[PDB]
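In what follows, a single structure is set out as structure tokens and then discussed.
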There are 6 protein chains.
Amino acid sequence: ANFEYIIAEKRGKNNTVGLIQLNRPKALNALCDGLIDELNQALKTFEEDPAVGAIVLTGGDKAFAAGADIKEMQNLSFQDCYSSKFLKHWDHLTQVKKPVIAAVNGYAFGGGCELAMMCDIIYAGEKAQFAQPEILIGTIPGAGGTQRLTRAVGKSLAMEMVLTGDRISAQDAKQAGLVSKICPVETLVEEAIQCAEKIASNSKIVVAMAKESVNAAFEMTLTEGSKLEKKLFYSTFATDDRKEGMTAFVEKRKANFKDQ
Amino acid sequence: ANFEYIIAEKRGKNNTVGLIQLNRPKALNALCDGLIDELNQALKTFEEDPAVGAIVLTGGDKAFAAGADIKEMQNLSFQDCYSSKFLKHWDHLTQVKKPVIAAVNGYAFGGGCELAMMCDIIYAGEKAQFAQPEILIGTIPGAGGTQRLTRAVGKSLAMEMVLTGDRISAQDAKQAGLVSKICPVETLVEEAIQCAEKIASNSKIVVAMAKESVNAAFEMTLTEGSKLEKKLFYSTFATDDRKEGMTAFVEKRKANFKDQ
Amino acid sequence: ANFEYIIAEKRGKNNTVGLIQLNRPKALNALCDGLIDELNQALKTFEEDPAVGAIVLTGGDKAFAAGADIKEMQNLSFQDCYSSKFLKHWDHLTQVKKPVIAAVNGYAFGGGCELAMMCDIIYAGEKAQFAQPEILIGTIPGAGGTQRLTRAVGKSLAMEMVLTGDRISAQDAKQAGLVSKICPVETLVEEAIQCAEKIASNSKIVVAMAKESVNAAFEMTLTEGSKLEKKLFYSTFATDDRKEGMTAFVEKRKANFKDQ
Amino acid sequence: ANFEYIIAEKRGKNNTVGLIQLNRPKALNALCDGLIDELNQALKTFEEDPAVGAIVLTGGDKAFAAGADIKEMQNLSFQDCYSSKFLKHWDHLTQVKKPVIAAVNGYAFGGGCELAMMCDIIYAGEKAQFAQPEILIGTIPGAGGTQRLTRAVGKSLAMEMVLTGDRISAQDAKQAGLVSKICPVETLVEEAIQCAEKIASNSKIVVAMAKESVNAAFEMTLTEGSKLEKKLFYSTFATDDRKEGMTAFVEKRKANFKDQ
Amino acid sequence: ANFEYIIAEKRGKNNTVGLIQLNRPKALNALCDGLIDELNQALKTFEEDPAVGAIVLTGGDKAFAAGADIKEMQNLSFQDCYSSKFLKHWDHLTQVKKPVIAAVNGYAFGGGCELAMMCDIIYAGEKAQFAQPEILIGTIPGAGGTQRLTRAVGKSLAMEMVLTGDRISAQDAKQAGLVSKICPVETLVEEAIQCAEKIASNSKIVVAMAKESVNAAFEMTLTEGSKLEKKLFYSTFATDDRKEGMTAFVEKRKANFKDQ
Amino acid sequence: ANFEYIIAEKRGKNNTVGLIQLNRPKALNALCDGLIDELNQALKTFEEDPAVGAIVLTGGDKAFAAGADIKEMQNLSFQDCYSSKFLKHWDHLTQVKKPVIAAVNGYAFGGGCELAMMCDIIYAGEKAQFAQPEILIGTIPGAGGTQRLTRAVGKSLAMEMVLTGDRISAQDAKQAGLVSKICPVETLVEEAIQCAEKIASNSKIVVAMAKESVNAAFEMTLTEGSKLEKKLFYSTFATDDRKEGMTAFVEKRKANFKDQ
Ligand SMILES: CCCCCC(=O)SCCNC(=O)CCNC(=O)[C@H](O)C(C)(C)COP(=O)(O)OP(=O)(O)OC[C@H]1O[C@@H](n2cnc3c(N)ncnc32)[C@H](O)[C@@H]1OP(=O)(O)O
Ligand SMILES: CCCCCC(=O)SCCNC(=O)CCNC(=O)[C@H](O)C(C)(C)COP(=O)(O)OP(=O)(O)OC[C@H]1O[C@@H](n2cnc3c(N)ncnc32)[C@H](O)[C@@H]1OP(=O)(O)O
Ligand SMILES: CCCCCC(=O)SCCNC(=O)CCNC(=O)[C@H](O)C(C)(C)COP(=O)(O)OP(=O)(O)OC[C@H]1O[C@@H](n2cnc3c(N)ncnc32)[C@H](O)[C@@H]1OP(=O)(O)O
Ligand SMILES: CCCCCC(=O)SCCNC(=O)CCNC(=O)[C@H](O)C(C)(C)COP(=O)(O)OP(=O)(O)OC[C@H]1O[C@@H](n2cnc3c(N)ncnc32)[C@H](O)[C@@H]1OP(=O)(O)O
Ligand SMILES: CCCCCC(=O)SCCNC(=O)CCNC(=O)[C@H](O)C(C)(C)COP(=O)(O)OP(=O)(O)OC[C@H]1O[C@@H](n2cnc3c(N)ncnc32)[C@H](O)[C@@H]1OP(=O)(O)O
Ligand SMILES: CCCCCC(=O)SCCNC(=O)CCNC(=O)[C@H](O)C(C)(C)COP(=O)(O)OP(=O)(O)OC[C@H]1O[C@@H](n2cnc3c(N)ncnc32)[C@H](O)[C@@H]1OP(=O)(O)O
Ligand SMILES: [Mg+2]
Ligand SMILES: [Mg+2]
């Protein structure tokens, strides 16, 4: 549609990548109500589209996302935050079945780090910094700033970042485990598009099952996790792309997956 | 009070930091019954004091804490261990609501690493060493040596340190995620005091809520943890420090928190 | 027995190490039915033997283990996979009480990386490459390739390796937390044997209790994990090796453990 | 709206009860796609309405709900069920924050028992019957037929009902713990409306908090459950209805809750 | 000590039972600060005494306990309730290692039921009534009134009692699974004393281990619970009372336990 | 084989039921090493047999199972319990995929109640009695006596039965939730055989999936439990018996399941 806060387009080879660029160079990409609504609409459109296989979330060259609009949730009370239409649609990023890649090429503070951690793959540049400055305004994160950051990085560094609001570099985030690959600030979008193409080049149902299996590592135990993994591996024998890949590996050729 | 094994003082800017220094060079700060009792008393005093906002735990320059006194628990039986009189007061460090910073200097083996991991922020010196020598004396850790270490560092290195007792440097601990920042041995206490001042400069109730949110990552699942984080973020709207910080951020000024 | 796919021998000082070398330089150590059966038999023999205190798993110089045999599981169906003897005896590696050291040399794809992660200690060389290329053929990991890899390395890198199948180096594995030490390829087996000797030089029952305590960090919560750790520490006072080691530490001598 | 399968109306004194009656006597209230869509729309309408405080789900005088439409999902496959929009909008009943009362006045088999157990209060008539006949058609429950039934009734009776499909009376369901009250078939709707009025006469936010606290008993542990309960009890001191109720209890008068 | 709100005494055969009677008829045994302090002191005294093997909690003939004092927590704010000064010493009843028997007589509303649910054995009278009247004043339970009640009784009846504040009889409580034995109100104290004597006649350490094993059924999964139960059963062989009872069963004589 | 302690036979219509009768009247069916070994062998044989679809466990007319042999584990120490020679093959009853029915007649104390609760369906006679008399000999249950009994019956009654060893009748067990249905002592075997026939008359793979779904209610949460249930329901569409039954239901005929 005519999105004013974001720009959703079809990039990549053969138009198989859904690029959502936060276009707002006036408030460091403040996650307001309209921006979040447009982001959710674009995510739903890319999920319902059969051509888009992967989604790539990218911000500006100076700030990825500074979080929610502090100038909007200021005059809010306990009732208007516990039962209202404010700050409710924040879990739509984790409900999609297709993989989402977060390309952080700048400042990612508050809600930005949360949206980055809610994705599957986190690509950051050299001039990218992550922090939790909520403690600077007498508030705490509310979208996984203390849950995913602790389980992915650690207890000590997460405690420090939450209680002090200190900014960490991309090298420290890669050494800890926050991000997976450091790319230049000019070719970060290109590497994200290439990764999305490599992901979308496989069977969509198998990719979704693998994503669910990986996400089950933070909601279940090790024994039950392995049991569910075995169950999904056994259920994967009901598709046609599996036998196609097996025959391609046996005959030493390329597997032509048909998403079935 | 007149503590003989430890020294509890009030340091930092405006006397807002509680410094507990282990004074026992003849035994590498052996965690005996009297030392643990004095530590618990100092923690309770710093928790009941409204001026102290953060606590800093520091040992000696040659060794932080060599663990429990093996010479005292030598002539013990199975019946004497379930009798709640010998080794029960060990979880009080995890019962305090104010953040505790561990300044590790020198040898930190057994109980030292456990007390360091039970804190929120772990600061180690350039010559700091962590290990679990319990397997060298026919015992096993009992204060998080096999629970927090495995979740913070990993499975392989924790298994190696538990089954072999090998020592690790501060660089390896930072690479694996045990510590968050490496400071010199001569300026570690200063950095810990500065971090405590940066923590004690914000709202105490918000800091406690953030600490609880971070600690809820090892006891709950991802969805339940996110829901509890949302509930706490909504409850933060009932305090005045949140509104004060938001107004200060909007007006571009310094937020004056009153811990309310 | 007359193993046709592996070589099980007794190495180390006083024959206290059980070395299982995958002898199959024709399919990159393809984990077929016979190879897995022989591996399980060797593990059971080393577990029943009182002299072997630790087991060392090692593959080939070019590749540790390519994974399950694709040519065998090609013409299989859902009903045929669910209720049969196809891919069922894969959890025996996690049922043994003695520590198992994984010496990975070369490629570790699919079943290889899973079997390496199911062990306690993971040792790799400079020319080591871990990956999970199940998505390239239309399948997913099914033996802990998405559960242990996510909890030990991280969410982002695990998602990337599962959805793309990229090759990671041993340095990145040590930085993330997959492997513990990086030894030369020509001396990795010697280092693994030395580690197995250092592990088997202690009390076997205490080593098993410590292994169970460390494994309980992924199956239980933090509070219940600490409770079970305290219970096991209290139960360790019923053996003679504990008192022997304590008396040796007090008298400053060597502890002569008797595995009792 | 103009519904063709259900009837959603406002019953009770002062129009505070939302009555949803399944109007389909020709198929025993078969849960088809249109019926589920209309039910979700009615639930959303009653949730967004500020006057309706409680919802009452009621079926027919002979059959409450005979499960999903078997004739519609007959010619379906694995891909048609997994990667499509077939049998997906079934958790919305668990997403509403207002209490929902299930009035079973007849046959509740398959999806009917699942929808009844997904509600908060279950009222069954004298002729009400509960069973799991999926095993009679080669399928299994998929909306809590094996999760909530086992935790609310017991392992033995749930196993029996799932593996045999045998029906149970209202007396056995009340004795086991499936239902709370047994009312005649002529006054069941009246008792349901009275219970909804008794629920919709208090503070809506406190009712939602209590509902979340009760629902958290099947998602977390006992210690973390009690911690979350304490946190919610502390957060309840931020509303105006609590102080009004306390003042009314002290002054021995009636509390005029304003839902704030 | 000279308790004013409660009466703690040593009843039973050979003074092996600790009886705590709530003496407050003018307020239906309102759980105020002084009453809770005296109860905690009596519990500590009975726990430190080696002769008392079991504790029996009993209230008045007209009402067991009407809960906390609403007149004291009326003019309280969020900051006052969140601080560790009001409503904090409520988990001590769950911290004792000796079994506690709850004798319920008359009205048991709010905490009077919550404390009753925090005990091991719940003995109710013929004129006993359990309810949760928190929604009538605008509050919610906070001491395990929505966690244990839901797991023990059920989801539907707990939801009804929380959202409506309805009173249930002792027969309905036993049918649902709240209490274990119904005794007359004139001889309930005698039956409780007899049960405490039957409990305090066995090995105290084995009784404590069994209590921990039973309490560990709501904190972790079934497999981990069974493994911890096996570990505790294996550790029980390190005592002398186990072998004494086994020899007494073999030699057909009475087992003379020595609490060791 | 020539089983001396038990008797395994093929009963039921068309020999589709596996009946294992405990033959040991001189010791009240003491669960010794040989008896447990024969039971495990019979269970494995009935699991590998394609004709048997359900297993029925039945004891004697005067006593079902009086637990493990106390006269055999008397002269055992702490070191003899952590080995792999005594009391290890007790979890084989929960590893089978086919349903197991427990016909309880007479006294079922200690291991008998544990083996009964480890089954899916528990059928008890009019004279059946359940108790946990381990506390009478200074021991504790170790095979689910404090884990499954607490979750299936409740906390209070389980605590009472564990700390006092009191016996309960079949009526109290059915009222609490321990047993499913009560049958006469002379026709209990016939009802068990009829239930096994009704269970085996369906698709074996679907029955196994349903059993796994029901067993998952004690190992995972409600959300992940429902997710796994949905996944298994989606995977059920990959079988032929599913479509056969869904077609026979529409055609109003008998579904001829082919176990595929
Ligand atoms: C469920 C909801 C999620 C829960 C978690 C949260 O609480 S989310 C909210 C938490 N987020 C944060 O705390 C981040 C706060 N942001 C900052 O502190 C700082 O902006 C910064 C560290 C990023 C550095 O900023 P700069 O040094 O570039 O300078 P400046 O602040 O003036 O940025 C330019 C413009 O961005 C605006 N701006 C920046 N962040 C903003 C935000 N989170 N909300 C609204 N507006 C913001 C400034 O007001 C300013 O507006 P003008 O153009 O008028 O000058
Ligand atoms: C809840 C309970 C948690 C679990 C409880 C535990 O298991 S804790 C116990 C676990 N074990 C440990 O932590 C390791 C024991 N500690 C060590 O071995 C040391 O730390 C070390 C490795 C640096 C070796 O020491 P050094 O090379 O500096 O030389 P030395 O051994 O003589 O140490 C100096 C002095 O400290 C004493 N000392 C060292 N560790 C001690 C300890 N844990 N308890 C008491 N005393 C100790 C020595 O006896 C000696 O005193 P004198 O020479 O004057 O006689
Ligand atoms: C419960 C079980 C868990 C479920 C999860 C899984 O395990 S699912 C499956 C896991 N993933 C895999 O198995 C894929 C593994 N792929 C590889 O190992 C390969 O190394 C590679 C494709 C990356 C290419 O490297 P190379 O060129 O060095 O190896 P290449 O395959 O071309 O040829 C050398 C020999 O390797 C053997 N080889 C490699 N993988 C094999 C396999 N899975 N089964 C049999 N043989 C295999 C071939 O026999 C081949 O000989 P010839 O070709 O001459 O005959
Ligand atoms: C995510 C998905 C969750 C839900 C998935 C599930 O749980 S699976 C769906 C669960 N349902 C089942 O397993 C079986 C459901 N069947 C019943 O409930 C029925 O009460 C019964 C057959 C057992 C008993 O019914 P009666 O004997 O009283 O009467 P009768 O035999 O004529 O019932 C058939 C009539 O009702 C309709 N009918 C009944 N159940 C139906 C169903 N599940 N789907 C479609 N139609 C159904 C038929 O169209 C038919 O109408 P006509 O006369 O026009 O032909
Ligand atoms: C973490 C903290 C714990 C969590 C739980 C809570 O805190 S929530 C608090 C839980 N408790 C409750 O919600 C309400 C408890 N009980 C009731 O409402 C009862 O049903 C009832 C008042 C209707 C009983 O009616 P009766 O006819 O028996 O007696 P009557 O109506 O004449 O007056 C009540 C008398 O008992 C006392 N009384 C009753 N409940 C009381 C209470 N919660 N706190 C203090 N006192 C109470 C009054 O002193 C009063 O005496 P006077 O007439 O002299 O004044
Ligand atoms: C996971 C590993 C184990 C888990 C934990 C456990 O289960 S430990 C086991 C739990 N402990 C128990 O169940 C207690 C055993 N229960 C009983 O013995 C009986 O049921 C009873 C005393 C309660 C009531 O029985 P009766 O009065 O009808 O008959 P009697 O008193 O003669 O029972 C003893 C006779 O049965 C035999 N007998 C009965 N139970 C036995 C047992 N568990 N071990 C060995 N022998 C047993 C004796 O050899 C003896 O036969 P003789 O005439 O030759 O002398
Ligand atoms: Mg790491
Ligand atoms: Mg019940």
Side-chain angles (χ1 to χ4, degrees), chain D residues 109 129-138 140 149 153-169 172 176, chain F residues 6-22 42-43 46-47 49-61 64 93 96-106 108 115-128 170-171 173-174 177-204 206-208 210-211 214 241 245 248 254-257 259:
Chain D
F109 303 146
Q129 296 178 356
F130 301 92
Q132 300 293 151
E134 299 88 353
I135 199 60
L136 300 180
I137 63 179
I140 55 177
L149 184 63
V153 168
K155 182 178 59 180
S156 300
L157 189 51
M159 276 291 193
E160 180 182 4
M161 294 175 58
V162 168
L163 300 180
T164 61
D166 300 330
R167 306 174 180 180
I168 61 176
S169 60
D172 300 330
Chain F
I6 71 174
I7 296 180
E9 59 180 359
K10 300 182 60 180
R11 301 294 298 272
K13 181 179 300 300
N14 301 330
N15 300 330
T16 59
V17 180
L19 182 58
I20 303 178
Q21 181 180 0
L22 304 181
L43 289 179
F46 289 159
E47 183 70 22
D49 183 71
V52 177
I55 308 179
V56 173
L57 180 60
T58 311
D61 299 0
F64 174 78
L93 184 58
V96 297
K97 301 302 178 60
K98 301 178 183 180
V100 183
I101 302 180
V104 179
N105 281 320
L115 266 61
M117 293 179 301
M118 287 191 301
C119 299
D120 299 334
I121 304 180
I122 307 179
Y123 283 154
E126 299 181 0
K127 299 180 179 300
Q171 290 76 10
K174 184 180 181 300
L178 180 60
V179 302
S180 59
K181 185 173 58 61
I182 305 178
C183 301
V185 299
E186 66 278 0
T187 57
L188 181 61
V189 184
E190 301 179 1
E191 297 293 337
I193 292 180
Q194 292 179 180
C195 182
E197 292 179 9
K198 291 189 296 295
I199 290 180
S201 60
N202 301 320
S203 182
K204 302 180 181 301
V206 183
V207 164
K211 175 182 177 180
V214 175
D241 292 359
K254 202 274 180 300
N256 300 270
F257 295 153
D259 300 329

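Chain A is the first sequence line, chain B the second, and so forth, proteins listed ahead of strands; every chain is numbered from 1. What you see below is based on every heavy atom in this structure, not just the backbone, and it leaves out hydrogens, waters and symmetry mates.
In this structure, the side chain of F/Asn14 does not engage the main chain of F/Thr16 through any donor-acceptor pair within 3.5 Å. Distance alone, capped at 3.5 Å, places no donor-acceptor pair between the F/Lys174 side chain and the F/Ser180 backbone. Put simply, the side chain of F/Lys97 never gets that close to the backbone of F/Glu47: no donor and acceptor are under 3.5 Å apart. Between the F/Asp259 side chain and the F/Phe257 main chain, no donor and acceptor come within less than 3.5 Å of each other.
In this structure, the side chains of D/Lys155 and F/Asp120 stay at 4.5 Å or more apart for every pair of heavy atoms. At a threshold of 4.5 Å between non-hydrogen side-chain atoms, the residues F/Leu22 and F/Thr58 do not count as touching. Counting only heavy atoms from C-beta outward, the side chains of F/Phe64 and F/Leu57 approach each other to under 4.5 Å. F/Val189 is not listed as a side-chain neighbour of F/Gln21, based on a closest heavy-atom distance of 4.5 Å or more. A heavy-atom distance below 4.5 Å is found between the side chains of F/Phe46 and F/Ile20. In this structure the side chain of F/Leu43 reaches within 4.5 angstrom of the side chain of F/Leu93, judged on heavy atoms. The side-chain heavy atoms of F/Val207 and D/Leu163, taken from C-beta on, include a pair separated by under 4.5 Å. For the pair F/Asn105 and F/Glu126, the minimum side-chain heavy-atom distance is 4.5 Å or more.
Atoms CD1 and CD1, from F/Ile199 and F/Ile101 in turn, are 4.5 Å apart once rounded to the nearest 0.5 Å. Taken from CZ in D/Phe109 to CE in D/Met161, the straight-line distance is 9.0 Å, to the nearest 0.5 Å. To the nearest 0.5 angstrom, D/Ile137 atom CD1 is 11.0 Å from F/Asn202 atom CG. With rounding to the nearest 0.5 angstrom, the CG atom of D/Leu157 is 7.0 Å from the CG atom of D/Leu149. Within the model, atoms CD of F/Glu191 and OH of F/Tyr123 stand 7.5 Å from one another, a figure rounded to the nearest 0.5 Å. Taking OG from D/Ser156 and CE from F/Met117, the interatomic distance works out to 9.5 Å, rounded to the nearest 0.5 Å.
The heavy-atom pair separating F/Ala51 from F/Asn15 by the smallest distance is CB-O, 4.2 Å. When all heavy atoms are compared, the tightest approach of F/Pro99 to F/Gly53 is CD-O, 3.7 Å. Pairing each heavy atom of F/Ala200 with each of F/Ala54, the nearest pair is CB-N, 4.2 Å. Taking each heavy atom of F/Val179 and F/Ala170 in turn, the nearest pair found is CG2-O, 3.9 Å. The minimum heavy-atom distance between D/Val153 and D/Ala176, with the atom names listed, is CG1-CB, 3.6 Å. When all heavy atoms are compared, the tightest approach of F/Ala128 to F/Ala124 is CB-CB, 3.7 Å.
Under a cut-off of 6.0 angstrom, the local environment of NZ in F/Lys127 is sparse, with at most 12 non-hydrogen atoms contributed by other residues, nucleotides or ligands. For D/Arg167, the CZ atom sits in a packed shell: over 12 heavy atoms of surrounding residues, nucleotides or ligands are nearer than 6.0 Å. Heavy atoms of other residues, nucleotides or ligands lying less than 6.0 angstrom from CG of F/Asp61 number 12 at most.
Defined by atom type and a distance below 3.5 Å, a donor-acceptor pair is present between the side-chain atoms of D/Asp166 and D/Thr164.
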>> Would F/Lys10 and F/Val52 count as a side chain to side chain contact (heavy atoms under 4.5 Å, CB included) here? Give the steps.
In response: CA-CA 8 Å; F/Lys10 300 182 60 180; F/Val52 177; 4.3 Å; yes

>> Test side chain to side chain contact (heavy atoms under 4.5 Å, CB included) on D/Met159 and F/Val100; report intermediate values, then the result.
In response: CA-CA 10 Å; D/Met159 276 291 193; F/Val100 183; over 6 Å; no

